[PDB]
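Contents: one structure, followed by commentary.
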Amino acid sequence: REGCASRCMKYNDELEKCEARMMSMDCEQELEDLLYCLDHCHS
Amino acid sequence: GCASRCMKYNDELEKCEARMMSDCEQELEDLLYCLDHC
Amino acid sequence: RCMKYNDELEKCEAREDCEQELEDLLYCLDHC
Amino acid sequence: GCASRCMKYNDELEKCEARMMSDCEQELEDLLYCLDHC
């Protein structure tokens, strides 16, 4: 639900940090874990 | 915190992926955009 | 590649004005 | 307000670029990290 979804913001945080690292120094693993998380909330 | 308010953008991506199995890049872009703002 | 958006942010920092340039970099990164 | 507290990270990058003209990726990473958390 909306409760489950909040626990998937942490996966966006990790993706935000990775993109910063990527513009400085792939973040596909961090996105995959975000979509996985969002997918489980959906079903 | 704001993740629930972006679930509608996941719904659209879910529906697009179903359509795709039957790019969805625009639906993901709108999900990441949503998650980014907050 | 979002490098042009980084360039603009770098140039702004050298010179609120620069949070707009970061916003356009995060937007770009969301796209890329 | 948050952004001003990230100027110190630009200072370090400016100093590193001067040293480099005489990699600064770590100094930029800490700048982008700082800007991101704003």
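The way I read the labels, and the way they are meant: chains A, B, ... in the order of the structure tokens, residue 1 as the first residue of every chain, and ligand 1 as the first ligand shown, with later ones counted on from there.
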
Distance filter 8 Å, only C-alpha atoms, chain D against chain A, as a ChimeraX atom specification: /D:25-26,28-29,32-33,36

Please list as a PyMOL selection string every residue within 10 Å of residue 28 in chain C, counting only C-alpha atoms and excluding residues in the same chain fewer than 2 positions away. (chain B and resi 29+33) or (chain C and resi 1-6+22-26+30-32)

Just need the residues of chain D within 9 Å of chain C, counting only C-alpha atoms, so spit them out as a compact mmCIF listing (two decimals) with N, CA, C and O atoms, in the first residue's frame.
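Result went into iface-v2.txt, see below:
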```
# COMPACT_ATOMS: atom_id res chain seq x y z
N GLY D 1 19.39 28.13 1.43
CA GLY D 1 20.17 28.05 2.71
C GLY D 1 21.10 26.85 2.73
O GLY D 1 22.30 27.03 3.02
N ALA D 3 22.14 25.15 0.16
CA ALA D 3 23.04 25.33 -1.01
C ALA D 3 24.30 26.07 -0.57
O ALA D 3 25.40 25.67 -1.02
N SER D 4 24.17 27.12 0.24
CA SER D 4 25.29 27.96 0.73
C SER D 4 26.30 27.07 1.48
O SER D 4 27.50 27.25 1.28
N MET D 7 28.93 25.46 -0.68
CA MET D 7 29.90 26.33 -1.38
C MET D 7 31.32 25.89 -1.02
O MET D 7 32.21 25.93 -1.91
N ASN D 10 32.57 23.49 -3.41
CA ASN D 10 33.02 24.16 -4.66
C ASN D 10 34.43 24.74 -4.42
O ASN D 10 35.29 24.51 -5.28
N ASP D 11 34.64 25.42 -3.30
CA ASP D 11 35.98 25.96 -2.90
C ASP D 11 37.03 24.86 -3.08
O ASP D 11 38.04 25.11 -3.78
N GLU D 14 37.57 24.09 -6.72
CA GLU D 14 38.32 25.22 -7.32
C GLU D 14 39.81 25.03 -7.02
O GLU D 14 40.61 25.11 -7.97
N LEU D 32 28.42 17.26 -5.68
CA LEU D 32 27.14 16.75 -6.24
C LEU D 32 26.33 16.08 -5.12
O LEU D 32 25.14 16.39 -4.99
N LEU D 35 24.87 18.88 -3.04
CA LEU D 35 23.76 19.52 -3.80
C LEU D 35 22.54 18.60 -3.83
O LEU D 35 21.41 19.12 -3.79
N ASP D 36 22.76 17.29 -3.89
CA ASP D 36 21.69 16.26 -4.01
C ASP D 36 20.85 16.27 -2.72
O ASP D 36 19.59 16.28 -2.83
N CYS D 38 20.43 18.62 -0.58
CA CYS D 38 19.53 19.80 -0.72
C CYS D 38 18.37 19.44 -1.66
O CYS D 38 17.24 19.80 -1.37
```

Write out as number ranges by chain the set of residues from chain B that DSSP, computed on the backbone, places in alpha helix (DSSP H). B: 7-21, 25-36

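By chain and then residue number, the residues within 9 Å of residue 31 in chain A are residues 11, 12, 14, 15, 27, 28, 34, 35 and 36 of chain A, counting only C-alpha atoms and disregarding those fewer than 3 positions away in sequence.
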
Let's have the selection written as a JSON list (two decimals), in the first residue's frame, with N, CA and C atoms.
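File selection_5.json, as written:
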```json
[["chain", "number", "residue", "atom", "x", "y", "z"],
["A", 11, "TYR", "N", 15.21, 3.33, -1.57],
["A", 11, "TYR", "CA", 15.76, 2.80, -2.85],
["A", 11, "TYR", "C", 15.98, 3.96, -3.83],
["A", 12, "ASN", "N", 15.14, 4.99, -3.76],
["A", 12, "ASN", "CA", 15.36, 6.24, -4.53],
["A", 12, "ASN", "C", 16.59, 6.97, -3.97],
["A", 14, "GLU", "N", 19.24, 5.77, -2.54],
["A", 14, "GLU", "CA", 20.43, 5.02, -3.03],
["A", 14, "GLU", "C", 20.69, 5.36, -4.50],
["A", 15, "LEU", "N", 19.64, 5.47, -5.31],
["A", 15, "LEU", "CA", 19.71, 5.81, -6.76],
["A", 15, "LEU", "C", 20.18, 7.26, -6.91],
["A", 27, "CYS", "N", 24.12, 2.69, -12.60],
["A", 27, "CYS", "CA", 23.19, 2.71, -11.44],
["A", 27, "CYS", "C", 22.00, 1.79, -11.68],
["A", 28, "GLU", "N", 22.14, 0.85, -12.62],
["A", 28, "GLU", "CA", 21.04, -0.02, -13.10],
["A", 28, "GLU", "C", 20.57, -0.93, -11.96],
["A", 34, "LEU", "N", 14.72, -0.48, -7.02],
["A", 34, "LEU", "CA", 13.63, 0.51, -6.84],
["A", 34, "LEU", "C", 12.37, -0.02, -7.53],
["A", 35, "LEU", "N", 12.50, -0.50, -8.77],
["A", 35, "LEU", "CA", 11.34, -1.00, -9.55],
["A", 35, "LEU", "C", 10.81, -2.27, -8.88],
["A", 36, "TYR", "N", 11.70, -3.21, -8.52],
["A", 36, "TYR", "CA", 11.38, -4.42, -7.72],
["A", 36, "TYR", "C", 10.53, -4.01, -6.51]]
```

Report, in Å to a single decimal, how far apart CA of residue 21 in chain B and CA of residue 38 in chain A are. 18.9 Å
